[PDB]
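Okay, so here's the structure we're looking at.
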Amino acid sequence: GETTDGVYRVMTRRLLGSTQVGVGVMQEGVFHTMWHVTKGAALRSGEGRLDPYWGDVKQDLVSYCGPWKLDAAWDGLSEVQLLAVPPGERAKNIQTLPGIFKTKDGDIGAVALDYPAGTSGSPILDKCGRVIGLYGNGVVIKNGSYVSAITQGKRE
Amino acid sequence: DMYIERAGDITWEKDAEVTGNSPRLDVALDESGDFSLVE
Ligand SMILES: CCOC(=O)c1ncoc1CNC(=O)[C@H](Nc1ccc2c(c1)CNC2)c1cc(Cl)cc(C2CC2)c1
């Protein structure tokens, strides 16, 4: 199937009509998305099949066709862009200054932008266009709004 | 059954709409990969 680098919608025809369950990144022949989007199931790309290669429920990440390739990190200072790919809507870049998720195991960037659940897996970019993480796993704060972690894998 | 559809190139857009705040939150991450607020 199509292996061109880019952002892709993750769709299903099991429910009513065609439904977008999430988004992902094709880079260096590997498809990267969040574990909760596919639950590790195989994907179809045209007539081709993409088999899972690596996954982890705690990181909430999964790669297909090869090992995780995305290794860019947020610098802790600069604004970033969410390349939001919402269901039924065109890809749209939204620029923001990330906040921080402080944990017992270290700090990670966080983006305070609200999108439908089917947007999970949309990439977060630095000024060079490099993918510093995926948007789509986070928390609901006091007022009811959504704050996502900047989830990044490890390049072995 | 799941399938993928291309949606675009991965590029930074000069003059994109700037929005969202930068909250600093104490959070916990459990074995099921679920985040929670620490208070
Ligand atoms: C489910 C009860 O409510 C919450 O806990 C909750 N509500 C809002 O955010 C959450 C936390 N979860 C997520 O970030 C969520 N995806 C998710 C689903 C399953 C797993 C994981 C992540 C990681 N482990 C397995 C999500 C993402 C986006 Cl863009 C939009 C949404 C709206 C539909 C609420 C949800």
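Starting from 1 in every chain, residues are counted up; chains themselves are A, B, ... following the order of the structure tokens, and ligands are numbered from 1 as listed.
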Between chain A and ligand 1, at 8 Å or less, what are the per-residue closest atom pairs and their distances in Å? Count only C-alpha atoms and all ligand atoms, order by chain and rising residue number, and return it as a Markdown table.
| residue | atom | partner | partner_atom_place_in_ligand_line | distance |
| --- | --- | --- | --- | --- |
| A:35 | CA | ligand 1 | 23 (C) | 7.5 |
| A:36 | CA | ligand 1 | 20 (C) | 4.9 |
| A:37 | CA | ligand 1 | 18 (C) | 7.6 |
| A:57 | CA | ligand 1 | 24 (N) | 6.8 |
| A:58 | CA | ligand 1 | 24 (N) | 7.3 |
| A:60 | CA | ligand 1 | 23 (C) | 5.7 |
| A:114 | CA | ligand 1 | 29 (Cl) | 7.0 |
| A:115 | CA | ligand 1 | 29 (Cl) | 5.4 |
| A:116 | CA | ligand 1 | 30 (C) | 5.3 |
| A:117 | CA | ligand 1 | 30 (C) | 3.5 |
| A:118 | CA | ligand 1 | 29 (Cl) | 6.5 |
| A:119 | CA | ligand 1 | 29 (Cl) | 5.3 |
| A:120 | CA | ligand 1 | 29 (Cl) | 4.6 |
| A:135 | CA | ligand 1 | 29 (Cl) | 7.0 |
| A:136 | CA | ligand 1 | 29 (Cl) | 4.3 |
| A:137 | CA | ligand 1 | 14 (O) | 3.7 |
| A:138 | CA | ligand 1 | 14 (O) | 4.0 |
| A:139 | CA | ligand 1 | 11 (C) | 4.9 |
| A:140 | CA | ligand 1 | 8 (C) | 5.2 |
| A:146 | CA | ligand 1 | 8 (C) | 6.1 |
| A:147 | CA | ligand 1 | 9 (O) | 7.9 |
| A:148 | CA | ligand 1 | 14 (O) | 6.5 |
Determine which residues of chain A sit within 8 Å of chain B, taking into account only C-alpha atoms, and present them as a PyMOL selection string. chain A and resi 5-14+38+41-46+57-60+81+83+85+90-91+93-104+110-113+125-130+137-139+141
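Atom pair CA of residue 54 in chain A / CA of residue 40 in chain A: separated by 8.8 Å.
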Hey, what does DSSP flag as strand (DSSP E or B) within range 23-152 of chain A? Can you give it to me as a count of residues only? 60
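Computed from the coordinates, the CA of residue 62 in chain A to CA of residue 155 in chain A distance equals 12.5 Å.
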Residues near residue 73 in chain A, anyone? I mean within 8 Å using only C-alpha atoms, not counting same-chain ones fewer than 5 positions away, as a list in words. residues 132, 133 and 152 of chain A
Quick check, in Å to one decimal: how far apart do CA of residue 72 in chain A and CA of residue 52 in chain A lie? 22.1 Å
Test item: residues at most 10 Å from residue 156 in chain A, only C-alpha atoms, excluding those fewer than 2 positions along its chain, as a list in words: residues 67, 68, 69, 71, 153 and 154 of chain A
Between A:32, A:142, A:84, A:26, single out the one closest to residue 39 in chain B, counting only C-alpha atoms. A:142
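Using only C-alpha atoms for every distance, the candidate list A:76, A:144, A:22, A:66 yields A:66 as the residue closest to residue 50 in chain A.
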Taking the DSSP secondary structure from the backbone, can you list the residues of range 22-105 of chain A that are helix (DSSP H, G or I), as a PyMOL selection string? chain A and resi 35-38
Write out the residues from the selection above, keeping N, CA, C and O atoms, as a compact mmCIF listing (two decimals), in the first residue's frame.
# COMPACT_ATOMS: atom_id res chain seq x y z
N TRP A 35 -1.38 3.16 21.18
CA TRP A 35 -1.89 1.81 21.42
C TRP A 35 -3.41 1.78 21.55
O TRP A 35 -4.04 0.92 20.95
N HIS A 36 -4.00 2.70 22.32
CA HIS A 36 -5.46 2.69 22.50
C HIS A 36 -6.28 2.91 21.20
O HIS A 36 -7.47 2.64 21.19
N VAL A 37 -5.63 3.36 20.12
CA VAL A 37 -6.35 3.58 18.85
C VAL A 37 -6.63 2.23 18.15
O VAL A 37 -7.77 1.94 17.76
N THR A 38 -5.60 1.39 18.05
CA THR A 38 -5.72 0.10 17.35
C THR A 38 -5.81 -1.13 18.25
O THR A 38 -6.11 -2.23 17.75
